[PDB]
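Reviewing the structure listed below.
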Amino acid sequence: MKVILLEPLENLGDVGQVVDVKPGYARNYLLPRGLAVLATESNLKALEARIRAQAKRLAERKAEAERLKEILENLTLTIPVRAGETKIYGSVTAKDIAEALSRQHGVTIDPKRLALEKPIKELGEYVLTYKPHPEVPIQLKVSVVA
Amino acid sequence: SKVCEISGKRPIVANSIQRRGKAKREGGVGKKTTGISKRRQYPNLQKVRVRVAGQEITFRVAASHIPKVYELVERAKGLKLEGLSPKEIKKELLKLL
RNA sequence: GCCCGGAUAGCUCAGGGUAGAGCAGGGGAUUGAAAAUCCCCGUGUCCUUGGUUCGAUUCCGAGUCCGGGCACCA
RNA sequence: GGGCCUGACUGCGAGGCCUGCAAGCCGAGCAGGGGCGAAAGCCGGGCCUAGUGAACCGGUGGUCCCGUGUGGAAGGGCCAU
RNA sequence: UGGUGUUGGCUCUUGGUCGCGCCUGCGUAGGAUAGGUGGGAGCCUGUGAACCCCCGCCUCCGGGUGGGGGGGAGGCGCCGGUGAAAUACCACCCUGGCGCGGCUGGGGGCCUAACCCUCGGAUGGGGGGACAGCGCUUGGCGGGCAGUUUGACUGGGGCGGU
RNA sequence: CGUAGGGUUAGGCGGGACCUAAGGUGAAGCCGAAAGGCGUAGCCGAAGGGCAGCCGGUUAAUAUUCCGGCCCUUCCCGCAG
RNA sequence: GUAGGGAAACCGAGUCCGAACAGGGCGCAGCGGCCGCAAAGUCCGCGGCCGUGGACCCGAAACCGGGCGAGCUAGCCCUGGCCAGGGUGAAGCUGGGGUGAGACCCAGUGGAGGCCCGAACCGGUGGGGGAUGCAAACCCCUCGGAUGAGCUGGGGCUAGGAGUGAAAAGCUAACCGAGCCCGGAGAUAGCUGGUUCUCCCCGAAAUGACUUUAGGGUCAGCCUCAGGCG
RNA sequence: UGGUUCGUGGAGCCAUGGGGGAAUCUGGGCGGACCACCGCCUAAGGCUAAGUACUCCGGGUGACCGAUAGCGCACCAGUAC
RNA sequence: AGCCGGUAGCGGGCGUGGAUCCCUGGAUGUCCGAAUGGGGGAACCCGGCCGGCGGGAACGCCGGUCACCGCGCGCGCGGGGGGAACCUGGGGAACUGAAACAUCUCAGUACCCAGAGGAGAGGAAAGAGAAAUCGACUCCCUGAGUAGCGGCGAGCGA
Ligand SMILES: [Mg+2]
Ligand SMILES: [Mg+2]
Ligand SMILES: [Mg+2]
Ligand SMILES: [Mg+2]
Ligand SMILES: [Mg+2]
Ligand SMILES: [Mg+2]
Ligand SMILES: [Mg+2]
Ligand SMILES: [Mg+2]
Ligand SMILES: [Mg+2]
Ligand SMILES: [Mg+2]
Ligand SMILES: [Mg+2]
Ligand SMILES: [Mg+2]
Ligand SMILES: [Mg+2]
Ligand SMILES: [Mg+2]
Ligand SMILES: [Mg+2]
Ligand SMILES: [Mg+2]
Ligand SMILES: [Mg+2]
Ligand SMILES: [Mg+2]
Ligand SMILES: [Mg+2]
Ligand SMILES: [Mg+2]
Ligand SMILES: [Mg+2]
Ligand SMILES: [Mg+2]
Ligand SMILES: [Mg+2]
Ligand SMILES: [Mg+2]
Ligand SMILES: [Mg+2]
Ligand SMILES: [Mg+2]
Ligand SMILES: [Mg+2]
Ligand SMILES: [Mg+2]
Ligand SMILES: [Mg+2]
Ligand SMILES: [Mg+2]
Ligand SMILES: [Mg+2]
Ligand SMILES: [Mg+2]
Ligand SMILES: [Mg+2]
Ligand SMILES: [Mg+2]
Ligand SMILES: [Mg+2]
Ligand SMILES: [Mg+2]
Ligand SMILES: [Mg+2]
Ligand SMILES: [Mg+2]
Ligand SMILES: [Mg+2]
Ligand SMILES: [Mg+2]
Ligand SMILES: [Mg+2]
Ligand SMILES: [Mg+2]
Ligand SMILES: [Mg+2]
Ligand SMILES: [Mg+2]
Ligand SMILES: [Mg+2]
Ligand SMILES: [Mg+2]
Ligand SMILES: [Mg+2]
Ligand SMILES: [Mg+2]
Ligand SMILES: [Mg+2]
Ligand SMILES: [Mg+2]
Ligand SMILES: [Mg+2]
Ligand SMILES: [Mg+2]
Ligand SMILES: [Mg+2]
Ligand SMILES: [Mg+2]
Ligand SMILES: [Mg+2]
Ligand SMILES: [Mg+2]
Ligand SMILES: [Mg+2]
Ligand SMILES: [Mg+2]
Ligand SMILES: [Mg+2]
Ligand SMILES: [Mg+2]
Ligand SMILES: [Mg+2]
Ligand SMILES: [Mg+2]
Ligand SMILES: [Mg+2]
Ligand SMILES: [Mg+2]
Ligand SMILES: [Mg+2]
Ligand SMILES: [Mg+2]
Ligand SMILES: [Mg+2]
Ligand SMILES: [Mg+2]
Ligand SMILES: [Mg+2]
Ligand SMILES: [Mg+2]
Ligand SMILES: [Mg+2]
Ligand SMILES: [Mg+2]
Ligand SMILES: [Mg+2]
Ligand SMILES: [Mg+2]
Ligand SMILES: [Mg+2]
Ligand SMILES: [Mg+2]
Ligand SMILES: [Mg+2]
Ligand SMILES: [Mg+2]
Ligand SMILES: [Mg+2]
Ligand SMILES: [Mg+2]
Ligand SMILES: [Mg+2]
Ligand SMILES: [Mg+2]
Ligand SMILES: [Mg+2]
Ligand SMILES: [Mg+2]
Ligand SMILES: [Mg+2]
Ligand SMILES: [Mg+2]
Ligand SMILES: [Mg+2]
Ligand SMILES: [Mg+2]
Ligand SMILES: [Mg+2]
Ligand SMILES: [Mg+2]
Ligand SMILES: [Mg+2]
Ligand SMILES: [Mg+2]
Ligand SMILES: [Mg+2]
Ligand SMILES: [Mg+2]
Ligand SMILES: [Mg+2]
Ligand SMILES: [Mg+2]
Ligand SMILES: [Mg+2]
Ligand SMILES: [Mg+2]
Ligand SMILES: [Mg+2]
Ligand SMILES: [Mg+2]
Ligand SMILES: [Mg+2]
Ligand SMILES: [Mg+2]
Ligand SMILES: [Mg+2]
Ligand SMILES: [Mg+2]
Ligand SMILES: [Mg+2]
Ligand SMILES: [Mg+2]
Ligand SMILES: [Mg+2]
Ligand SMILES: [Mg+2]
Ligand SMILES: [Mg+2]
Ligand SMILES: [Mg+2]
Ligand SMILES: [Mg+2]
Ligand SMILES: [Mg+2]
Ligand SMILES: [Mg+2]
Ligand SMILES: [Mg+2]
Ligand SMILES: [Mg+2]
Ligand SMILES: [Mg+2]
Ligand SMILES: [Mg+2]
Ligand SMILES: [Mg+2]
Ligand SMILES: [Mg+2]
Ligand SMILES: [Mg+2]
Ligand SMILES: [Mg+2]
Ligand SMILES: [Mg+2]
Ligand SMILES: [Mg+2]
Ligand SMILES: [Mg+2]
Ligand SMILES: [Mg+2]
Ligand SMILES: [Mg+2]
Ligand SMILES: [Mg+2]
Ligand SMILES: [Mg+2]
Ligand SMILES: [Mg+2]
Ligand SMILES: [Mg+2]
Ligand SMILES: [Mg+2]
Ligand SMILES: [Mg+2]
Ligand SMILES: [Mg+2]
Ligand SMILES: [Mg+2]
Ligand SMILES: [Mg+2]
Ligand SMILES: [Mg+2]
Ligand SMILES: [Mg+2]
Ligand SMILES: [Mg+2]
Ligand SMILES: [Mg+2]
Ligand SMILES: [Mg+2]
Ligand SMILES: [Mg+2]
Ligand SMILES: [Mg+2]
Ligand SMILES: [Mg+2]
Ligand SMILES: [Mg+2]
Ligand SMILES: [Mg+2]
Ligand SMILES: [Mg+2]
Ligand SMILES: [Mg+2]
Ligand SMILES: [Mg+2]
Ligand SMILES: [Mg+2]
Ligand SMILES: [Mg+2]
Ligand SMILES: [Mg+2]
Ligand SMILES: [Mg+2]
Ligand SMILES: [Mg+2]
Ligand SMILES: [Mg+2]
Ligand SMILES: [Mg+2]
Ligand SMILES: [Mg+2]
Ligand SMILES: [Mg+2]
Ligand SMILES: [Mg+2]
Ligand SMILES: [Mg+2]
Ligand SMILES: [Mg+2]
Ligand SMILES: [Mg+2]
Ligand SMILES: [Mg+2]
Ligand SMILES: [Mg+2]
Ligand SMILES: [Mg+2]
Ligand SMILES: [Mg+2]
Ligand SMILES: [Mg+2]
Ligand SMILES: [Mg+2]
Ligand SMILES: [Mg+2]
Ligand SMILES: [Mg+2]
Ligand SMILES: [Mg+2]
Ligand SMILES: [Mg+2]
Ligand SMILES: [Mg+2]
Ligand SMILES: [Mg+2]
Ligand SMILES: [Mg+2]
Ligand SMILES: [Mg+2]
Ligand SMILES: [Mg+2]
Ligand SMILES: [Mg+2]
Ligand SMILES: [Mg+2]
Ligand SMILES: [Mg+2]
Ligand SMILES: [Mg+2]
Ligand SMILES: [Mg+2]
Ligand SMILES: [Mg+2]
Ligand SMILES: [Mg+2]
Ligand SMILES: [Mg+2]
Ligand SMILES: [Mg+2]
Ligand SMILES: [Mg+2]
Ligand SMILES: [Mg+2]
Ligand SMILES: [Mg+2]
Ligand SMILES: [Mg+2]
Ligand SMILES: [Mg+2]
Ligand SMILES: [Mg+2]
Ligand SMILES: [Mg+2]
Ligand SMILES: [Mg+2]
Ligand SMILES: [Mg+2]
Ligand SMILES: [Mg+2]
Ligand SMILES: [Mg+2]
Ligand SMILES: [Mg+2]
Ligand SMILES: [Mg+2]
Ligand SMILES: [Mg+2]
Ligand SMILES: [Mg+2]
Ligand SMILES: [Mg+2]
Ligand SMILES: [Mg+2]
Ligand SMILES: [Mg+2]
Ligand SMILES: [Mg+2]
Ligand SMILES: [Mg+2]
Ligand SMILES: [Mg+2]
Ligand SMILES: [Mg+2]
Ligand SMILES: [Mg+2]
Ligand SMILES: [Mg+2]
Ligand SMILES: [Mg+2]
Ligand SMILES: [Mg+2]
Ligand SMILES: [Mg+2]
Ligand SMILES: [Mg+2]
Ligand SMILES: [Mg+2]
Ligand SMILES: [Mg+2]
Ligand SMILES: [Mg+2]
Ligand SMILES: [Mg+2]
Ligand SMILES: [Mg+2]
Ligand SMILES: [Mg+2]
Ligand SMILES: [Mg+2]
Ligand SMILES: [Mg+2]
Ligand SMILES: [Mg+2]
Ligand SMILES: [Mg+2]
Ligand SMILES: [Mg+2]
Ligand SMILES: [Mg+2]
Ligand SMILES: [Mg+2]
Ligand SMILES: [Mg+2]
Ligand SMILES: [Mg+2]
Ligand SMILES: [Mg+2]
Ligand SMILES: [Mg+2]
Ligand SMILES: [Mg+2]
Ligand SMILES: [Mg+2]
Ligand SMILES: [Mg+2]
Ligand SMILES: [Mg+2]
Ligand SMILES: [Mg+2]
Ligand SMILES: [Mg+2]
Ligand SMILES: [Mg+2]
Ligand SMILES: [Mg+2]
Ligand SMILES: [Mg+2]
Ligand SMILES: [Mg+2]
Ligand SMILES: [Mg+2]
Ligand SMILES: [Mg+2]
Ligand SMILES: [Mg+2]
Ligand SMILES: [Mg+2]
């Protein structure tokens, strides 16, 4: 009796998988405990629907990512600070690079998704990895200046 | 045993035919009937307890049509059944037949 | 009528290259006998018949004979 | 008693005996292929009268007659047992 | 009372078939533990050889072999001696033994959720538990019950006889 | 016996508007081809529980029933505590 | 009906068995002078007899279905009621004796018991009577039980292959080895009985064979009618 | 196992109590085991007059009865008993 | 043109201003009965609610309403019971016949039960069955005592 697992189960399968079990195991255990639902034609389609939407709403987040990748790697964010030869008096932070990115180029960004351990204290050119989406990193060249 | 609530399978009358001798197709003289008496064949009726709409419903059903019960449960989700007695829930399932 | 056993010494039983074993039988040791015991000895187409092998009790085919087993009977 | 042999035939059968029926009995002669005999001829078991069992059901060997739209098959029939 | 349905999870141990893999096979004559035929003058070894240490082993107790730590130019064949049957390496197969794998099947152990019992409380707890009960089917016991049969001749019937 | 007329009077007697017994019936629930069979509560069910009337007089015919004397019960409403 | 033979394929005045042109089985063909009469056959009516039906009529003991019954009787359930009077005198208790303490003994009190006697009540032992009865079980005399496994009123439950039974196959509405009513139903009866106006002609058999047959049947024998032969 | 003429028969077909369990026309059932070929038909949802049966009722008519007959009942009969 | 039932009589009435009487529709219709507010030993007994009658609160009477079940959304609609035969479905004997009896027969009859209606069933091919054909079903004739079925018996029978 084929059923659709609603949870991952020990040596049966992964959630969403369609496995074949003895009718009794399904009626008297799996189905009443919500661990699975019998693989009817009626909800076979329901599985095909949510796989089709999930991978859709996944790849759209990939395209929302590639949109900010094509843009942000294709420019430099320039930060005027006050400094003496090398050392900045204050510091530029993610919050700083944030408010900077909109005011200059009209794009919003998330400080927390940006890779900066210690706040930037030296003048120069930096490359800062950005992740609005795993496996889709955005390199950002940033120029801090006087 | 009585009647399947799903299929309407029902006890039937059959004969119990006692035979002796060797079948002709085995080189025998032939079968002789040494007794015919009436008897009944009952449906393989069983109990099926399912939880529907938060109520417990029991079916007396032939084993053959046991899956037909769980299907009625699936066909039932589109119905508005809460507040109902188990008796009234069962009635709704059986009209989905 | 079909399946499954057999046949090996006097009696009963063991088994691709042996023909065995026990008990019956005979002498010998031994004894109040009657035994128990102990030593030695015999008793084979391994049913027949046909072929396999290099040869065969075996393997096979075939009948003969006795067994067991199941079914049937107008 | 011995020699050669298988007629302890196949296909029929005039005419009778007996007889409630059904059975039972005897049978010359013709054809096929034989045996014995020089031949005439004899041989369809046994000097004779007991040694037996209708039909139904079914087995087996033939026959190739029927074969459920058709060709086959299934299963029957027929001859023999 | 077998099969099967209702009837499920996890283990353990067996049996049988099929496929592959590897080995086993000792009367004698003889190099020794020679399966059957067949191919065959060459196979192997640096893609590790003659002994050594570990053991799966099976031994008919002489031996056979398997994996492993030894181990750094070598072992057996055709040669041939007696063989019915030659010894190397391959190859289909026979008698077995296992190692997996396929499908079957038998036991045992546990589990809980079907089903059963129970708990003043119950979508729950406890116990039994895939047994039991019940359906279909198998064969058996079965005067408890049922339908019947249980001859005729005959110096009456029975008995005897036929 | 035939025809006709007359005769049986209750808050307190008996039964019901009270209670339950066996049993019967039976919302729940269970079972059975049909008919039906069960079944907790509940309901029904008495000669058992419970409950307020004694004596006399009267009629052709009834009387703890009518009458007389002396008693009592329940229900409704009211007043008081 | 007009064609039959063969198990059949099939042939056909023939066909089957067979190797046969053999042999056999079962089959095949009007009176008058083209008119006429007759006829195969077939159709209707009438009569005899047969088959199927209850089949000439009456009659079982029984079998089956569905119902009706425990107001009789049997057991049980619930709830009530009844058992004059007299007799016997268990245990226990008290006192006394007893002994180390006891057992135990005596007296008194006590009132037990499927105890005794005997009415009611329940029975039914022997005899007599009755015998178209007073009575489809009674009457008289006698006799058993009578505090118990007792008797009895009312209310209930259990039934037909079923109940109930201190057990007799007893009882279940006056006949119970399987109740009663209606139904299957006109069961079946190879048995017994019965079978109705007249006259005329003929006129048997009681044997044989076979028969779960023997007092019943089939065939033959023997009777009768019609047509034919002579 | 039932139905049909079909009693296990060569036993199909229709139905179905139990087990196993498809497909959507290039799908499926049938033509008497089975197979090939050739044909027939579209299962697992339902409805549908009329032609047919019967006679409590009414009328019409009898080579139907005529009071022991005809209905059990001609009548105060499903009565009396 | 007579009339007040069978039914006369006593005693009283009606009708050509159309009676009695016949047909149709309507009104009334105690109580019981499917019986249905509840109970019950049918034709009796005891209640709730609203309204009315009495002097009426107790008591009583009158009118309306109040069972259970099914189905649709407390309101509705329907069901229940009967009917001589006839009909369909679910169950289903035995005597008897086989001159015994068991398979077979009687017979899917008798009977029980559910349901139905003036009928009921059946009915528009997953048919038939050999016709290269037919064309729903029902009913009658015939096919035919054929084909077949059968302790190949008795019989059964498309
Ligand atoms: Mg800052
Ligand atoms: Mg059976
Ligand atoms: Mg054969
Ligand atoms: Mg038979
Ligand atoms: Mg038979
Ligand atoms: Mg029968
Ligand atoms: Mg039975
Ligand atoms: Mg279950
Ligand atoms: Mg559940
Ligand atoms: Mg099924
Ligand atoms: Mg199934
Ligand atoms: Mg043989
Ligand atoms: Mg022996
Ligand atoms: Mg011997
Ligand atoms: Mg000689
Ligand atoms: Mg001679
Ligand atoms: Mg010669
Ligand atoms: Mg002759
Ligand atoms: Mg003769
Ligand atoms: Mg003779
Ligand atoms: Mg002769
Ligand atoms: Mg000659
Ligand atoms: Mg010559
Ligand atoms: Mg000559
Ligand atoms: Mg001759
Ligand atoms: Mg014979
Ligand atoms: Mg016979
Ligand atoms: Mg035959
Ligand atoms: Mg043959
Ligand atoms: Mg042919
Ligand atoms: Mg065919
Ligand atoms: Mg054919
Ligand atoms: Mg062909
Ligand atoms: Mg042909
Ligand atoms: Mg043949
Ligand atoms: Mg044959
Ligand atoms: Mg043949
Ligand atoms: Mg013959
Ligand atoms: Mg069983
Ligand atoms: Mg199982
Ligand atoms: Mg366990
Ligand atoms: Mg355990
Ligand atoms: Mg636990
Ligand atoms: Mg549990
Ligand atoms: Mg649990
Ligand atoms: Mg529980
Ligand atoms: Mg539990
Ligand atoms: Mg547990
Ligand atoms: Mg089980
Ligand atoms: Mg089986
Ligand atoms: Mg059995
Ligand atoms: Mg008996
Ligand atoms: Mg017996
Ligand atoms: Mg028994
Ligand atoms: Mg006999
Ligand atoms: Mg006799
Ligand atoms: Mg005699
Ligand atoms: Mg005598
Ligand atoms: Mg005599
Ligand atoms: Mg005499
Ligand atoms: Mg005499
Ligand atoms: Mg005798
Ligand atoms: Mg008087
Ligand atoms: Mg009076
Ligand atoms: Mg008074
Ligand atoms: Mg009142
Ligand atoms: Mg009362
Ligand atoms: Mg009460
Ligand atoms: Mg109810
Ligand atoms: Mg009822
Ligand atoms: Mg009822
Ligand atoms: Mg009841
Ligand atoms: Mg009760
Ligand atoms: Mg009350
Ligand atoms: Mg009552
Ligand atoms: Mg009462
Ligand atoms: Mg009282
Ligand atoms: Mg009391
Ligand atoms: Mg009282
Ligand atoms: Mg009183
Ligand atoms: Mg007083
Ligand atoms: Mg007085
Ligand atoms: Mg008086
Ligand atoms: Mg007074
Ligand atoms: Mg006050
Ligand atoms: Mg013919
Ligand atoms: Mg010929
Ligand atoms: Mg000729
Ligand atoms: Mg001829
Ligand atoms: Mg006559
Ligand atoms: Mg005649
Ligand atoms: Mg009759
Ligand atoms: Mg008749
Ligand atoms: Mg007659
Ligand atoms: Mg009988
Ligand atoms: Mg009998
Ligand atoms: Mg009865
Ligand atoms: Mg009584
Ligand atoms: Mg009484
Ligand atoms: Mg008392
Ligand atoms: Mg007394
Ligand atoms: Mg006294
Ligand atoms: Mg006394
Ligand atoms: Mg005295
Ligand atoms: Mg006394
Ligand atoms: Mg005295
Ligand atoms: Mg005294
Ligand atoms: Mg005392
Ligand atoms: Mg003392
Ligand atoms: Mg004393
Ligand atoms: Mg006393
Ligand atoms: Mg005294
Ligand atoms: Mg006494
Ligand atoms: Mg005395
Ligand atoms: Mg006395
Ligand atoms: Mg008495
Ligand atoms: Mg007496
Ligand atoms: Mg006396
Ligand atoms: Mg007397
Ligand atoms: Mg007398
Ligand atoms: Mg008398
Ligand atoms: Mg007396
Ligand atoms: Mg007296
Ligand atoms: Mg006296
Ligand atoms: Mg006395
Ligand atoms: Mg006395
Ligand atoms: Mg006494
Ligand atoms: Mg006494
Ligand atoms: Mg007394
Ligand atoms: Mg007592
Ligand atoms: Mg009493
Ligand atoms: Mg009493
Ligand atoms: Mg009584
Ligand atoms: Mg009882
Ligand atoms: Mg009873
Ligand atoms: Mg009764
Ligand atoms: Mg009876
Ligand atoms: Mg009866
Ligand atoms: Mg008996
Ligand atoms: Mg009994
Ligand atoms: Mg008694
Ligand atoms: Mg009676
Ligand atoms: Mg009586
Ligand atoms: Mg009696
Ligand atoms: Mg008697
Ligand atoms: Mg008696
Ligand atoms: Mg009887
Ligand atoms: Mg009887
Ligand atoms: Mg009797
Ligand atoms: Mg009686
Ligand atoms: Mg009677
Ligand atoms: Mg009746
Ligand atoms: Mg009747
Ligand atoms: Mg009859
Ligand atoms: Mg009669
Ligand atoms: Mg008889
Ligand atoms: Mg007779
Ligand atoms: Mg008579
Ligand atoms: Mg006479
Ligand atoms: Mg004459
Ligand atoms: Mg004369
Ligand atoms: Mg004679
Ligand atoms: Mg005679
Ligand atoms: Mg005989
Ligand atoms: Mg006899
Ligand atoms: Mg005799
Ligand atoms: Mg006799
Ligand atoms: Mg006789
Ligand atoms: Mg005669
Ligand atoms: Mg004569
Ligand atoms: Mg004559
Ligand atoms: Mg005549
Ligand atoms: Mg004449
Ligand atoms: Mg049939
Ligand atoms: Mg059949
Ligand atoms: Mg049949
Ligand atoms: Mg068939
Ligand atoms: Mg077919
Ligand atoms: Mg089929
Ligand atoms: Mg089928
Ligand atoms: Mg099925
Ligand atoms: Mg197609
Ligand atoms: Mg297809
Ligand atoms: Mg089909
Ligand atoms: Mg067809
Ligand atoms: Mg078709
Ligand atoms: Mg269609
Ligand atoms: Mg259809
Ligand atoms: Mg219709
Ligand atoms: Mg019609
Ligand atoms: Mg009429
Ligand atoms: Mg009339
Ligand atoms: Mg008269
Ligand atoms: Mg009359
Ligand atoms: Mg007269
Ligand atoms: Mg008359
Ligand atoms: Mg009438
Ligand atoms: Mg009348
Ligand atoms: Mg009469
Ligand atoms: Mg009369
Ligand atoms: Mg009368
Ligand atoms: Mg007047
Ligand atoms: Mg006057
Ligand atoms: Mg007058
Ligand atoms: Mg005028
Ligand atoms: Mg007018
Ligand atoms: Mg009117
Ligand atoms: Mg009422
Ligand atoms: Mg009532
Ligand atoms: Mg009021
Ligand atoms: Mg007043
Ligand atoms: Mg008032
Ligand atoms: Mg009132
Ligand atoms: Mg009033
Ligand atoms: Mg009212
Ligand atoms: Mg009714
Ligand atoms: Mg109706
Ligand atoms: Mg009918
Ligand atoms: Mg029917
Ligand atoms: Mg019927
Ligand atoms: Mg029966
Ligand atoms: Mg019978
Ligand atoms: Mg009989
Ligand atoms: Mg008959
Ligand atoms: Mg008979
Ligand atoms: Mg007879
Ligand atoms: Mg008999
Ligand atoms: Mg019979
Ligand atoms: Mg039968
Ligand atoms: Mg009959
Ligand atoms: Mg029948
Ligand atoms: Mg009838
Ligand atoms: Mg009509
Ligand atoms: Mg119609
Ligand atoms: Mg259509
Ligand atoms: Mg048709
Ligand atoms: Mg066409
Ligand atoms: Mg068409
Ligand atoms: Mg014809
Ligand atoms: Mg028949
Ligand atoms: Mg038939
Ligand atoms: Mg038949
Ligand atoms: Mg029949
Ligand atoms: Mg038919």
Side-chain angles (χ1 to χ4, degrees), chain A residues 1-15 17-42 44-45, chain B residues 1-86 88-94 96-97:
Chain A
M1 177 172 290
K2 300 176 192 78
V3 298
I4 297 175
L5 295 75
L6 296 181
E7 299 197 0
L9 264 75
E10 42 166 21
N11 287 107
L12 254 181
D14 185 12
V15 53
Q17 188 174 359
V18 173
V19 308
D20 205 3
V21 292
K22 294 178 175 156
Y25 186 49
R27 308 189 211 283
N28 292 327
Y29 179 79
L30 297 173
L31 266 69
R33 296 181 188 261
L35 307 192
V37 170
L38 71 140
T40 81
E41 164 64 15
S42 175
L44 232 60
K45 297 163 73 177
Chain B
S1 301
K2 270 198 78 54
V3 185
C4 173
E5 297 169 345
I6 303 299
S7 68
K9 276 177 182 175
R10 166 175 292 275
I12 65 172
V13 193
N15 280 327
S16 177
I17 299 170
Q18 305 309 306
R19 304 175 191 268
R20 291 179 173 195
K22 185 182 297 178
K24 291 190 177 182
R25 60 170 55 200
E26 301 169 1
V29 142
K31 308 300 289 184
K32 309 294 176 166
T33 292
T34 209
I36 307 175
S37 67
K38 283 178 180 288
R39 65 159 288 196
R40 312 179 75 212
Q41 289 170 327
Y42 300 97
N44 195 1
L45 275 182
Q46 296 295 339
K47 284 181 176 178
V48 165
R49 290 184 302 113
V50 187
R51 173 50 60 91
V52 170
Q55 293 300 112
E56 187 177 2
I57 316 300
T58 74
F59 295 79
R60 294 173 71 239
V61 64
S64 67
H65 283 64
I66 284 182
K68 205 74 192 301
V69 173
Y70 292 94
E71 167 185 352
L72 286 181
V73 181
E74 305 294 323
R75 308 262 311 286
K77 288 178 190 163
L79 269 58
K80 303 172 63 175
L81 298 177
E82 286 77 0
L84 291 168
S85 67
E88 283 169 338
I89 290 180
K90 183 173 187 158
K91 190 179 293 186
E92 302 309 319
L93 289 168
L94 263 38
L96 280 169
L97 280 170

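For the numbers below, each heavy atom of this structure counts, side chains included, while hydrogens, waters and symmetry mates do not. The sequence lines fix the lettering, A, B, ..., with proteins before strands; numbering per chain opens at 1.
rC44(G) and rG59(G) have their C1' atoms separated by 44 Å, with the value rounded to a whole Å. For the P atom pair drawn from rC34(H) and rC13(H), the interatomic distance equals 7 Å after rounding to whole Å.
Residue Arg25(B) places none of its side-chain N or O atoms closer than 4.0 Å to OP1 or OP2 of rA74(D). For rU1(H), the OP1/OP2 oxygens have no side-chain nitrogen or oxygen of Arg39(B) closer than 4.0 Å. Taking only side-chain nitrogens and oxygens, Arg40(B) comes nearer than 4.0 Å to OP1 or OP2 of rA33(F). Taking only side-chain nitrogens and oxygens, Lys31(B) never comes nearer than 4.0 Å to OP1 or OP2 of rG58(D).
Residue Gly35(B) is classed as having no contact, given no heavy-atom separation below 4.0 Å to the nucleic acid. Looking at heavy-atom distances under 4.0 Å, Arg51(B) makes contact with a base. Using a 4.0 Å heavy-atom distance criterion, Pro23(A) is classed as a sugar-phosphate-only contact.
Shown here, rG3(H) forms a base pair with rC13(H); the pair counts as Watson-Crick or G-U wobble because both key distances fall under 3.5 Å. Across all strands shown, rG53(D) remains unpaired; no Watson-Crick or G-U wobble contact has both distances below 3.5 Å.
Separating the CD1 atom of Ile17(B) from the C1' atom of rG17(H) is a distance of 15 Å, rounded to the nearest angstrom. Rounded to an integer number of Å, the gap from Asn44(B) CG to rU4(E) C1' is 10 Å. For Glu26(B) and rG10(H), the CD to P distance is 10 Å, given to the nearest whole Å.
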*Quick one: the dot-bracket string of RNA chain G, using Watson-Crick and G-U wobble pairs with both distances under 3.5 Å, [ ] for crossing pairs and | for bases paired to another strand.*
...((....))..((((.....))))...(((..)))..................((.(...((((((.....((((((((((.((((...((((((......))))))...).)))...(((..((((........)))).)))..).))))))))).(.(((.....)))...)..))))))......).))............(((((....)))))..........
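For the neighbouring bases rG38(I) and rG39(I), a stacking contact is recorded, both ring-centre distance under 5.5 Å and ring-plane angle under 30° holding.
Entry note: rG29(F) and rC38(F) meet the pairing test, Watson-Crick or G-U wobble at under 3.5 angstrom for both distances. Between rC14(I) and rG60(I) there is no base pair of the Watson-Crick or G-U wobble kind with both of its two distances under 3.5 Å. Using the rule of two distances under 3.5 Å, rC6(H) and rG32(H) count as a Watson-Crick or G-U wobble pair. Judged by the 3.5 Å cutoff on both pairing distances, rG81(I) and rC139(I) do not qualify as a Watson-Crick or G-U wobble pair.
The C1'-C2'-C3'-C4' torsion of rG186(G) is negative. Its sugar is therefore classed as south.
For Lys47(B) against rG135(E), a side-chain-to-base donor-acceptor contact under 3.5 Å is absent. No N or O donor and acceptor, one from the side chain of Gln46(B) and one from the base of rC115(E), sit under 3.5 Å apart. Judged by distance alone with a 3.5 Å cut-off, no donor-acceptor contact links the side chain of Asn28(A) to the base of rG8(E).
Base orientation for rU16(I): syn, the chi torsion being within 90° of 0.
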